[PDB]
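First comes one chain, alone, set out as structure tokens in the form deposited in one PDB entry.
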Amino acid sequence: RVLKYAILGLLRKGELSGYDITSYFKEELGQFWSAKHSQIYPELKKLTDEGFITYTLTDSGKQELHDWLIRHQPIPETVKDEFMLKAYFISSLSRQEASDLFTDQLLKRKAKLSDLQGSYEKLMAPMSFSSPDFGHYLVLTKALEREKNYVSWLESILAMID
């Protein structure tokens, strides 16, 4: 039920058609919480069946969203990063092959960072907690910081490899 709360959250600022929900997943929401098309309407069906939407949130849906929002949950198990599995097995690579693999990864992370920086610039063309775009600013700065940090770590490791 990976889309339950994304969808309830989308409806938090008032009614939307299904096309409009589908369209929200093609924009900024789908960079960090991607949906498959085949998941969306079945989730919409379940949510309606559960009393949480009728698409507008019901009182019940608002409560369900709110309860999830404030719930403190343990940090989950680490996300499997296939690149890092390779790094774990680096003993099986020559120094030159390690360099090539890490350099390729560094290029890709820097490239992803430039795409994020373009998105940031668009968003920011005076941020505060009270801004309506604060949630968007949170997911975009989180992604910026994550990729900057990855780039920094890769540069450090390459200085050990090279």
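When you see a residue number, it is the position in the sequence shown, counting from 1. Superpose the two forms; the largest set of C-alphas matching within 1.5 Å is the rigid core.
The next section is about a form of this same protein that is not shown, the form deposited in another entry.
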The residue to pick from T103, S60, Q31, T48, given a Cα shift of 2 Å or more between this form and the one not shown after core fitting, is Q31
Practice task
Align both forms on the core first, then report whether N149 has a C-alpha shift of 2 Å or more between this form and the one not shown.
Solution key: no
Margin query: Given a core-based superposition, decide whether the C-alpha of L140 shifts by 2 Å or more between this form and the one not shown.
Written below: no
